[PDB]
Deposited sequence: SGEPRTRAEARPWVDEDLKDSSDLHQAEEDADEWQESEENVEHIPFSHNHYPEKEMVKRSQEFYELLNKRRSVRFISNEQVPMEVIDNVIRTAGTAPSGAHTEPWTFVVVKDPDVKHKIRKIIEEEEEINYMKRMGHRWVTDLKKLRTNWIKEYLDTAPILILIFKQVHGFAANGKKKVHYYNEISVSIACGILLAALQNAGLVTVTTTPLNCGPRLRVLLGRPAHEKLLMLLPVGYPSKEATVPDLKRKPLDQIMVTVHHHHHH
């Protein structure tokens, strides 16, 4: 099938530095926030963020992802109680599943797992950039119940669940440091 010229779009050296630095600083401020307002997020913003995620690479171009957005208080609650019950197995309370205006549940269609996670990574970058917060959760083993609850095809496995909204006034984050560059990076020169 057909092949077309690729658009250059060339930044000068110092522009790339400035741009890559700013993006690091923007994303370095991302934190998983477990305290989330019930304020509504504009659907446009949610659309744009999911579009952005959909621009991810995928193995053999399958785009094997489904982003399920839950705005309904009742199913959000059912989702909440389902998640809590399983986590009670030997704190266990997740309130933000209710308080967040939106739950985004990412499903993988059946190297798709990697492809879908790559997209989720892009989604999180998109949330940060848009000034929204979430906390990444991967409630596997709850997938079958949630897939059924949400009416999904069964060749879909749940991958990730992101409560999405604005941080509430009392929001805190634990005090954690990220590894320095030298503990994530090896260069062979």
* Where along the deposited sequence are residues missing from the model? -> 1 to 40, 131 to 148, 169 to 181, 261 to 265
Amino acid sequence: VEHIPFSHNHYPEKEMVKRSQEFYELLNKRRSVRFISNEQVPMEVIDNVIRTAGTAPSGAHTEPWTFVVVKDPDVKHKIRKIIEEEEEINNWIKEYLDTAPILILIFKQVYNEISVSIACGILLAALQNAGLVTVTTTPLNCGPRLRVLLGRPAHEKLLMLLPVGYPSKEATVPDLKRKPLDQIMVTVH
From here on, numbers count along this sequence of modelled residues.
* With respect to the recorded C-alpha B factors, which stretch has the higher mean value, 152 to 160 or 57 to 65? -> 152 to 160
* To do: Using the B-factors recorded in the PDB entry, average over the C-alpha atoms of 121 to 129 and of 141 to 149, then report which stretch comes out higher.
  => 141 to 149
* Structure fact -> Scanning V110, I114, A100, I104 for peak Cα temperature factor in the entry gives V110
* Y166 - Cα temperature factor, lowest/middle/highest third of chain -> middle
* Asked: What third of the chain, by the recorded C-alpha B-factor, contains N9?
  -> highest
